[PDB]
Every structure is written in C-alpha cells, then in structure tokens.
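Residue numbers (the entry's author numbering), protein chains in the order written: chain P, 20 to 114; chain R, 20 to 114; chain E, 20 to 114; chain Z, 20 to 114.
What follows is a single structure, written as structure tokens, with notes after it.
Protein chains: 4
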Amino acid sequence: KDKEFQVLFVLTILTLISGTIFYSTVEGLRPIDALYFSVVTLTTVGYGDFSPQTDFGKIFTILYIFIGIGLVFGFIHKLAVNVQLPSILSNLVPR
Amino acid sequence: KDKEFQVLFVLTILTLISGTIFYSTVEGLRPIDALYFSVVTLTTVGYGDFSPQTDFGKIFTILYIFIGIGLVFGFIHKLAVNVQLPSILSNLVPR
Amino acid sequence: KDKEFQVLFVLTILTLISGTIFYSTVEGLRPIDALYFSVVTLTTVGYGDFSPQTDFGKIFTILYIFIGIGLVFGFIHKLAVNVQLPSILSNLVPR
Amino acid sequence: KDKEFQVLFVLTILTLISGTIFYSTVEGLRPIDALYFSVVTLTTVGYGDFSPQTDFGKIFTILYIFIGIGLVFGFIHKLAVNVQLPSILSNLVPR
Ligand SMILES: [K+]
Ligand SMILES: [K+]
Ligand SMILES: [K+]
Ligand SMILES: [K+]
Ligand SMILES: [K+]
Ligand SMILES: [K+]
C-alpha cells in the first residue's frame with residue numbers, strides 16, 4: 020500500500036509539473052503561481068485569482084481538468100485512508 | 020466496458036454542446052469561451068472569469084448544474100478506472 | 020425509490036428556499052440571485068460573482084455549506100442513478 | 020458512531036483553527052474572514068473573494084488543501100449519514 024501510495028504520489032507530482040510548465044510558458048505565470056493555479060484547478064477549488072487568458076490556455080485547461088481530476092482525487096483518497104487515518108489511530112494509544 | 024465508456028463519452032459531449040450553444044447565444048460568449056465555461060461549471064471548478072449575467076442564464080445554469088454534474092463526474096470515473104488505470108499498469112511492464 | 024427520490028427532492032427544495040430567504044434578506048440580493056447563489060454554493064461551483072459581505076452572512080454560509088452539501092449531493096446521486104440512468108437505458112431500445 | 024463522529028468533528032475544528040491562525044497572521048485577514056476563507060477553501064467552493072497574496076500563503080494553501088480535503092469531506096459524510104439521515108427518518112414518524 021506504500022507502493023500504491025507511491026505510484027499515485029509520483030503521478031500527481033508529474034501532473035502538477037506538467038501544468039506548472041504549460042501555464043508558466045503559455046500564460047506567462049511565475050512558476051510558483053503556475054503550480055498554485057494547477058493545484059487550485061485540479062482540486063476544483065477554482066478561486067479565479069488566476070485563470071487562462073489565451074485560447075490555447077483555455078483548451079489546455081479543459082483537457083487538463085478531465086485528465087487530472089481523477090488522478091488528484093485518487094491520491095487524496097489514498098492519502099486520507101492509508102496515511103492520515105492510521106497515524107490518527109496511532110495517536111489515540113500510548114506506546 | 021469500451022461501450023460503457025463510449026456512452027458516457029458521447030453523453031458528455033452532447034451535454035457540453037448544449038451548454039456551448041446556450042451560453043453563446045443567450046449570454047453572448049464566443050463559442051470557445053462558452054465551452055470552456057460549460058466545462059468549468061460542470062466540473063465544479065468555477066473560476067468565475069465567466070458567469071451568467073441574465074436571469075435566463077442564471078435559471079439555465081441552475082438546471083444545467085443539477086442535470087450535468089452526475090453525468091460529467093460519471094465519465095471522469097469511467098475514464099480514470101477503465102482507461103487511465105490500465106494504461107498506467109501497462110507501463111510498469113516491458114513487452 | 021420514487022419515494023427515496025421524492026424525499027431528497029423535497030429536502031433539497033427546502034434547503035434552497037432557506038438560502039434564498041436568508042441571502043435576500045440579510046445580504047440584500049434579489050430573490051433570483053439568492054437562489055442562484057445558494058445553488059452555486061451548495062454544488063461547490065462557487066463562481067464568486069456573488070459572495071456574502073456581512074459577518075452574519077459569512078457565518079451563515081459556513082454552516083449552510085456543511086449542512087447543505089451532503090443533502091444536495093445525495094439528491095444529485097439519486098437523480099443520476101434512479102432517474103437519468105434508466106431513461107438513458109430506455110432510449111437504447113425501441114418499443 | 021457518536022465517537023466516530025466526535026473524532027472527525029474535533030479534527031475538523033482543529034484543521035479550521037490552523038487555517039484561521041495562519042491566514043490571520045501571514046495574509047492579514049480578520050479572524051472571521053480567515054475562518055470563512057478556510058471553510059470556503061476546504062469544501063472546494065472557492066469564491067475567490069479572498070485568496071492568498073504572498074508566496075508563503077500560496078505554498079501553505081497548496082498543502083492545506085491536500086491535507087484538509089480528505090478530513091473535511093469525511094466529516095461531512097459522517098454528518099450526513101449518522102446525524103442528518105437518522106433525524107430525517109425520525110421526523111417521518113409520530114412518537
Ligand atoms: K466532489
Ligand atoms: K469551486
Ligand atoms: K471564483
Ligand atoms: K472569482
Ligand atoms: K470556485
Ligand atoms: K468543487
């Protein structure tokens with residue numbers, strides 16, 4: 020399960036890297052803002068402080084969302100159940 | 020399962036087409052912006068760079084969301100599990 | 020199952036009514052905008068074209084979200100599986 | 020199950036407290052606005068009336084979202100099924 024976590028973890032980083040590079044290049048964001056934006060998009064928060072301005076950015080965002088949501092939310096699920104939950108349970112007992 | 024994917028795929032395209040046509044017509048968006056907006060609405064991202072301005076657009080958006088979320092997120096589920104997951108698994112093995 | 024649908028349906032309408040009344044009264048929105056806003060909040064779209072300006076509105080929105088999301092998304096689930104899915108299946112066959 | 024509810028309830032309050040303190044301190048929000056913002060972020064509504072302006076706030080928000088969504092939505096699930104549902108069922112019968 021550490022290896023089920025590791026795979027989704029890696030694939031999430033790669034996905035966020037892809038968005039950082041595209042939005043920094045095509046939409047002209049600073050790298051930190053492109054990552055932030057990629058995260059705010061794929062978790063569906065969508066503040067809108069940043070949003071794509073070019074048609075190439077709009078089209079990319081459509082595809083990035085559909086390809087990216089299932090991965091991101093899979094990782095969050097694995098994180099919650101296989102990492103966060105056990106550590107919570109361990110805290111309720113003194114060794 | 021390719022035919023379970025195909026049905027949801029088609030129904031998603033039809034749903035996004037419906038929104039593209041309405042928002043381009045009633046809210047005056049360019050077709051590309053209406054599609055983008057329809058996608059950003061039904062995936063619940065909701066940047067708000069675009070939002071309906073007319074009461075007819077507001078009422079439509081209410082119904083489009085309720086009718087459209089269950090479909091869109093069904094497709095994303097099918098996509099993740101029946102397409103993305105297997106291809107990931109295939110990459111971890113050399114033929 | 021029509022009666023499992025009917026209950027969630029009614030409870031959803033009541034929930035959206037509650038929000039329409041509060042936001043129209045305390046935040047000064049037109050009734051149509053308060054409903055629209057209530058729907059955009061509880062489905063987690065959150066365009067932000069409307070957002071509460073008063074501390075009383077902010078506090079209410081916190082509680083409305085936590086109480087309201089589980090209901091709204093339950094209805095959408097019931098809608099998709101017990102209404103939308105069967106009708107889709109019926110269309111694929113001529114009577 | 021009251022103790023399964025109580026744990027997630029407490030962990031949710033602690034999580035929202037953490038965000039209130041950070042955003043009030045680093046991003047300069049009033050405490051009430053920082054709580055409101057933390058809630059609007061972790062439920063994925065994301066109005067964007069508030070959004071982090073500093074790089075330290077942006078980085079924190081990335082991590083807060085990934086750590087916080089699984090908890091928040093777990094609580095909402097427990098709330099809906101173990102608290103809201105039973106009380107609904109009890110109302111349909113006179114004692
Ligand atoms: K969701
Ligand atoms: K959102
Ligand atoms: K927004
Ligand atoms: K906005
Ligand atoms: K949003
Ligand atoms: K959302």
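The C-beta atom is built at its ideal place from N, Cα and C for all residues, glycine as well.
Query: Residues from the segment 59–70 of chain Z in contact with chain E, defined by Cβ distance under 8 Å; Result: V59, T62, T63, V64, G65, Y66, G67 and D68
Query: Any non-hydrogen atom of ligand 6 closer than 8 Å to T80 (chain R) Cβ; Result: no
Query: Exposure label - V64 (chain P); buried when at least 16 CB within 10 Å; Result: buried
Query: Where the segment 85–100 of chain P meets chain R: residues whose CB sits under 8 Å from a CB there; Result: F85, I86, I88, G89, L90 and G93
Query: CB of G67 (chain Z) within 9 Å of CB of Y66 (chain P), strictly; Result: yes
Query: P105 (chain P) in three-state terms, based on DSSP; Result: helix
Query: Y55 (chain E): CB within 8 Å of a non-hydrogen atom of ligand 3; Result: no
Query: Close-in-space but distant-in-sequence residues of the same chain around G93 (chain P) (CB under 8 Å, 5 per side omitted); Result: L27
Query: Proximal chain Z residues relative to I32 (chain P), where beta-carbon distance stays under 8 Å; Result: None at all; the shortest Cβ gap to chain Z is about 12 Å.
Query: First and last residue of the uninterrupted alpha helix (DSSP H) at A53 (chain Z); Result: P50 to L61
Query: Length of the line joining the Cα atoms of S37 (chain E) and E46 (chain Z); Result: 33 Å
Query: DSSP three-state assignment for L111 (chain Z), whether helix, strand or coil; Result: coil
Query: Check: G65 (chain P) C-beta below 8 Å from any heavy atom of ligand 7; Result: As far as ligands go, the structure on display features ligand 1, ligand 2, ligand 3, ligand 4, ligand 5 and ligand 6 and does not contain ligand 7.
Query: Sub-9 Å separation of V59 (chain E) and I84 (chain R) beta-carbons; Result: yes
Query: Alpha-carbon spacing of residue 128 (chain R) relative to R114 (chain Z), whole angstroms; Result: Nothing can be reported for residue 128 (chain R), as the shown portion of chain R is limited to 20 through 114.
Query: Option nearest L90 (chain E) by Cα separation, candidates E:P105, E:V100, E:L33 and E:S109; Result: E:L33
Query: Under 8 Å by beta carbon: chain Z residues contacting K20 (chain E); Result: Ordered by position in chain Z, no residue passes the 8 Å Cβ test against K20 (chain E), which lies about 16 Å from the chain.
Query: is_contact[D74 (chain P), chain R] using C-beta, thresh 9 Å; Result: yes
Query: Buried or exposed (CB count within 10 angstroms, at least 16 for buried), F56 (chain P); Result: buried
Query: Whole alpha helix (DSSP H) elements within the segment 64–102 of chain E, 4-residue minimum; Result: 74–97
Query: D52 (chain P) versus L54 (chain Z) - alpha carbon distance; Result: 23 Å
Query: Neighbourhood of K77 (chain P) by C-beta distance below 7 Å, restricted to the same chain and skipping five residues each side; Result: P71
Query: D68 (chain E) CB to nearest heavy atom of ligand 4 below 8 Å; Result: yes
Query: Where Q103 (chain R) meets chain P, residues with beta-carbon distance less than 8 Å; Result: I86, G89 and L90
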